[PDB]
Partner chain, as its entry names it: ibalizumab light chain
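This document opens with one chain alone, in structure tokens, the form deposited without its partner chain.
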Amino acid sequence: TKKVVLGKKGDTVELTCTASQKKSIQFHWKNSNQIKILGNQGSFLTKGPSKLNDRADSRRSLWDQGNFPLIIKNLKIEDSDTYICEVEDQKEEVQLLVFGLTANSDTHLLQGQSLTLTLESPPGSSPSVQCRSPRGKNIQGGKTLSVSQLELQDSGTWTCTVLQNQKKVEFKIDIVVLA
């Protein structure tokens, strides 16, 4: 059933899948594109064929609790698919939405200078961005945000919030303004 996960570019993410049938059993994880990344073969975790192969995981450790995660390390925006956990006779449907958030300028600005933060995302993503400032000021945005010209006081870690469904991803860039 339709559970969503929003992740962050570079950061690591984990999708939940629970059995609750006799405790240590066999599962599968596949991308909507029907190809699998993982399952436990015997007592072996096989990573069939996939872009993620060198990057996907699970914890052997919890399989006895009927917990069969999918750990996708070092995220790419692109990894933004529908993934499916498979346990004997049931499917878990969880989608990941990979975000990025640039400073197509830098962090080491100057008084008067403008600033442009840009939102990297998978398509199908209908995010609403809200960056707040070092001394609490909004900045509404689409896929591109812009600070006309900043001045001394808003030196500090800004806070962005890629607000999508309930689930939201907050980002923190530190900004340096000088003169």
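By rigid core we mean the largest C-alpha set that fits within 1.5 Å across both forms. Residue numbers count along the first chain shown, from 1.
There is another form of the same protein, the form deposited with its partner chain bound; it is not shown, and what comes next is about it.
- The partner is absent here, but in the entry with it bound a heavy atom of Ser126, alone among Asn138, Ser148, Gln111, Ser126, sits within 4.5 Å of its partner chain.
- A residue is said to contact a partner when one of its heavy atoms sits within 4.5 Å of a partner heavy atom; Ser80 meets this definition for its partner chain in the entry with it bound.
- Of the heavy atoms in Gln153, none are within 4.5 Å of its partner chain in the entry with it bound.
- A residue is said to contact a partner when one of its heavy atoms sits within 4.5 Å of a partner heavy atom; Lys51 meets this definition for its partner chain in the entry with it bound.
- Contact check at 4.5 Å (heavy atoms) against its partner chain in the entry with it bound: all three of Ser32, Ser121 and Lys143 pass.
- The comparison between the shown form and the other one, aligned on the rigid core, picks out a single residue among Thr12, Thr16, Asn165, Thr157 whose CA moves by 2 Å or more, and that residue is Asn165.
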